[PDB]
Amino acid sequence: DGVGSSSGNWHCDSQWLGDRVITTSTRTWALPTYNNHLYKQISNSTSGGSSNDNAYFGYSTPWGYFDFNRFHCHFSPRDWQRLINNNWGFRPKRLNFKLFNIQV
Amino acid sequence: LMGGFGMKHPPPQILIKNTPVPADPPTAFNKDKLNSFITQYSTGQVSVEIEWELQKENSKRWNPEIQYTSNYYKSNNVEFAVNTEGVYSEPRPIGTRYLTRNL
């Protein structure tokens, strides 16, 4: 849309229904520039790697990624306590992701 | 002052008595009341169901609450469970106040 209008609101709450939980989270991130916009063919021979069990070959990219898959990301210690004391089992159903209010 | 819910009209008293069955009356009429009865008693079952209204925790607290737990350490008996002689015993009094709210 525009420069002076916010892209989205901060929504961090979590709502406990009977058979279902919905945990929303919101964080602030900062994204640098990686590898000077290059793909650099990382391998063990770059630094050390004198053991065959440690041998590796791959590529490093300028891109970066979001890893939210630890539990403490989605649950507060209280929402975790409420979870594990009152419930036998759980599992995820849906996921919804948003990026907003970008600044360069 | 002791605790609980004061009520102008609490749930009513249920009084119960097993009606007297007299022993054999004498043949000749007597003015006096009969003081001789049959030894007797009764037995049955009571069902009492109460419907309670709850107020759920809305707390936005971050860190974890205090809760009531059975301590895990091993013991000769289980708390709030029967003895070896068949005796049921409550180990400790359990208050109602664990969750917190803001003052």
# chains A, B, ... in the order shown; residues from 1 in each chain; ligands from 1

$ interface_residues --of "chain A" --to "chain B" --cutoff "8 Å" --atoms "only C-alpha atoms" --output "list in words"
residues 76, 77, 78, 79 and 81 of chain A

$ write_last_selection --atoms "N, CA and C atoms" --output "PDB file, in the first residue's frame"
ATOM      1  N   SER A  76       4.483 -19.961  26.085  1.00  0.00           N
ATOM      2  CA  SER A  76       5.066 -19.401  27.282  1.00  0.00           C
ATOM      3  C   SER A  76       5.175 -20.489  28.335  1.00  0.00           C
ATOM      4  N   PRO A  77       6.026 -20.305  29.341  1.00  0.00           N
ATOM      5  CA  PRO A  77       6.101 -21.308  30.406  1.00  0.00           C
ATOM      6  C   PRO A  77       4.778 -21.549  31.104  1.00  0.00           C
ATOM      7  N   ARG A  78       3.890 -20.563  31.123  1.00  0.00           N
ATOM      8  CA  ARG A  78       2.571 -20.754  31.704  1.00  0.00           C
ATOM      9  C   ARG A  78       1.646 -21.494  30.749  1.00  0.00           C
ATOM     10  N   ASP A  79       1.679 -21.154  29.462  1.00  0.00           N
ATOM     11  CA  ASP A  79       0.887 -21.894  28.490  1.00  0.00           C
ATOM     12  C   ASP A  79       1.389 -23.309  28.314  1.00  0.00           C
ATOM     13  N   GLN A  81       2.738 -25.063  31.009  1.00  0.00           N
ATOM     14  CA  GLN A  81       2.248 -25.681  32.232  1.00  0.00           C
ATOM     15  C   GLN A  81       0.769 -26.010  32.117  1.00  0.00           C
TER      16      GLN A  81
END

$ select_by_dssp --residues "chain A" --states "strand (DSSP E or B)" --output "number ranges by chain"
A: 14-16, 21-23, 43, 57

$ write_last_selection --atoms "N, CA, C and O atoms" --output "mmCIF file, in the first residue's frame"
data_model
loop_
_atom_site.group_PDB
_atom_site.id
_atom_site.type_symbol
_atom_site.label_atom_id
_atom_site.label_comp_id
_atom_site.auth_asym_id
_atom_site.auth_seq_id
_atom_site.Cartn_x
_atom_site.Cartn_y
_atom_site.Cartn_z
ATOM 1 N N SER A 14 -2.909 -16.036 22.986
ATOM 2 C CA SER A 14 -3.178 -17.462 22.829
ATOM 3 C C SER A 14 -4.522 -17.773 23.462
ATOM 4 O O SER A 14 -4.765 -17.394 24.609
ATOM 5 N N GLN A 15 -5.382 -18.479 22.736
ATOM 6 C CA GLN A 15 -6.737 -18.739 23.193
ATOM 7 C C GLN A 15 -6.954 -20.232 23.373
ATOM 8 O O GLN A 15 -6.689 -21.020 22.465
ATOM 9 N N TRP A 16 -7.443 -20.608 24.548
ATOM 10 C CA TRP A 16 -7.649 -22.001 24.917
ATOM 11 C C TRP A 16 -9.123 -22.331 24.760
ATOM 12 O O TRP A 16 -9.953 -21.887 25.557
ATOM 13 N N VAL A 21 -6.216 -25.457 20.932
ATOM 14 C CA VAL A 21 -5.451 -24.286 21.335
ATOM 15 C C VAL A 21 -5.009 -23.562 20.080
ATOM 16 O O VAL A 21 -4.692 -24.185 19.064
ATOM 17 N N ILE A 22 -4.973 -22.241 20.148
ATOM 18 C CA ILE A 22 -4.426 -21.430 19.078
ATOM 19 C C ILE A 22 -3.429 -20.479 19.712
ATOM 20 O O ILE A 22 -3.818 -19.604 20.489
ATOM 21 N N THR A 23 -2.155 -20.650 19.397
ATOM 22 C CA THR A 23 -1.089 -19.844 19.978
ATOM 23 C C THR A 23 -0.509 -18.949 18.897
ATOM 24 O O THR A 23 0.164 -19.430 17.984
ATOM 25 N N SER A 43 33.401 -26.379 2.088
ATOM 26 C CA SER A 43 33.850 -27.759 2.229
ATOM 27 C C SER A 43 34.808 -27.824 3.407
ATOM 28 O O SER A 43 35.274 -26.799 3.909
ATOM 29 N N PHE A 57 30.887 -31.494 2.073
ATOM 30 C CA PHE A 57 30.920 -30.664 0.882
ATOM 31 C C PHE A 57 29.542 -30.057 0.706
ATOM 32 O O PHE A 57 28.537 -30.752 0.851
#

$ atom_distance --atom1 "atom CA of residue 96 of chain B" --atom2 "atom CA of residue 82 of chain A"
17.5 Å

$ residues_around --residues "residue 36 of chain A" --least-positions-apart "4" --cutoff "12 Å" --atoms "only C-alpha atoms" --output "mmCIF file with C-alpha atoms, in the first residue's frame"
data_model
loop_
_atom_site.group_PDB
_atom_site.id
_atom_site.type_symbol
_atom_site.label_atom_id
_atom_site.label_comp_id
_atom_site.auth_asym_id
_atom_site.auth_seq_id
_atom_site.Cartn_x
_atom_site.Cartn_y
_atom_site.Cartn_z
ATOM 1 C CA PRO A 32 21.763 -8.945 7.128
ATOM 2 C CA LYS A 40 30.680 -20.113 -1.974
ATOM 3 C CA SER A 60 26.485 -21.490 1.345
ATOM 4 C CA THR A 61 23.874 -19.078 0.031
ATOM 5 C CA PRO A 62 23.122 -15.384 0.605
ATOM 6 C CA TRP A 63 19.584 -16.398 1.573
#

$ atom_distance --atom1 "atom CA of residue 27 of chain A" --atom2 "atom CA of residue 6 of chain A"
15.6 Å

$ closest_residue --among "A:58, A:20, A:50, A:64" --to "residue 34 of chain A" --atoms "only C-alpha atoms"
A:64
